[PDB]
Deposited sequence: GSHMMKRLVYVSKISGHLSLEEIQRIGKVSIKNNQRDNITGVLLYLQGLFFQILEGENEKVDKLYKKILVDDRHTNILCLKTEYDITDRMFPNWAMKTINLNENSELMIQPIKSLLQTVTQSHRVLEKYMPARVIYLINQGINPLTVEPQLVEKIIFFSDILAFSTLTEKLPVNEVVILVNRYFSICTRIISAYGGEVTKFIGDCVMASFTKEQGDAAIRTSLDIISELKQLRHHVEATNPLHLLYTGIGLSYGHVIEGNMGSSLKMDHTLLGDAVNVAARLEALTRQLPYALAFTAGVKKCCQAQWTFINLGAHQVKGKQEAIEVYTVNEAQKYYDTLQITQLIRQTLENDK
């Protein structure tokens, strides 16, 4: 016996939604409550985990509501909380009971506020919250991750020369492209550090980490020729570093400020392979360890030993640079002056 609680973003159709959920939840044996307030849903679903989930999956696929977040989960509950309500839909906008108006006010406010904060949250925290887990309570673990670093090439020159607002548009589009792909491929972005994107994949995701990289590179290449030469995006290039090692993962800091962080040498090895791509005919570089997390039959190029005790460095064929790198930063420089 389990129970989840989620919030999402969305009159007669609502009634239809409700009638159908009572009959199926009556069949499935799970009971719950559903609340609607000013474009916001809340829903609790409790029972045998079997189709708590399967019901949930159907809810996720449905097109009406959107931006679904599972706020909490609970396993092994001695009791149910709503034992006789297959689904009790509560439209709260027309409940104008006086001593209830204050609570609707607070619920709306903290919720909308909540949904803003959700945008700043590291994706591993948001994940933990789905699984019903207090990220403040999880003990950090030591895990073998693939670590991903990428930044924008010659970013000090674009900053030196573009107006501030062009610089934002450029970074924003870089982070947008980087996040979507990394996320699509199973990865998790840890944070932005300046222009740099940091992320990590599991050890079963070697192939996805290379594909991710290759997709970033490729998407920025397409953007460069889709825009006009007056567009700064025309100048956006990246380099990508990947390492593989053990890292303490988890939530750290104090009650005053927390962060989700990875600690370990491999983080720094990845940063410096990223920085090394500036001197190489490839925009992606990575270690023997990443090489071993891969199942696809890549064509691996030994780039040689680089110190950072020395570490052998590898890339794949598909990452060859069709350009000369330090020529580009001379390109960027001329262009912007």
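- Missing from the model, relative to the deposited sequence, are the ranges 1-4, 15-19, 318-321, 351-353.
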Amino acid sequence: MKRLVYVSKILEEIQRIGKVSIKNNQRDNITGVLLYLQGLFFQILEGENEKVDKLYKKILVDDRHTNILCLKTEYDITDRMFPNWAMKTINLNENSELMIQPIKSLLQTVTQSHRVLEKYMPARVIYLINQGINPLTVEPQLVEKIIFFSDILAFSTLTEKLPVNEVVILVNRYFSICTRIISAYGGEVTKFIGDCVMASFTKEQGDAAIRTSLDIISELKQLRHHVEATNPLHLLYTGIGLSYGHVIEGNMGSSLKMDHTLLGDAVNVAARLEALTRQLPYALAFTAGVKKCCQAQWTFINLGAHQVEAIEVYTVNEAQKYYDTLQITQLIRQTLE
From here on, numbers count along this sequence of modelled residues.
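- Between 232-240 and 89-97, the higher mean Cα B-factor belongs to 89-97.
- For the pair 295-303 and 265-273, the mean B factor over Cα atoms is greater in 295-303.
- The PDB entry assigns the greatest CA B-factor among 191, 80, 257, 145 to 80.
- Per the PDB record, 30 has a higher Cα B-factor than any other of 290, 283, 30, 70.
- Annotation for residue 117: C-alpha temperature factor in the middle third relative to the rest of the modelled chain, per the entry.
- Annotation for residue 133: C-alpha temperature factor in the highest third relative to the rest of the modelled chain, per the entry.
- Annotation for residue 165: CA B-factor lies in the middle third of the chain's modelled residues.
- In this PDB entry, residue 320 carries a Cα temperature factor that places it within the middle third of its chain's modelled residues.
- Split the chain's modelled residues into thirds by C-alpha temperature factor. Residue 212 is in the lowest one.
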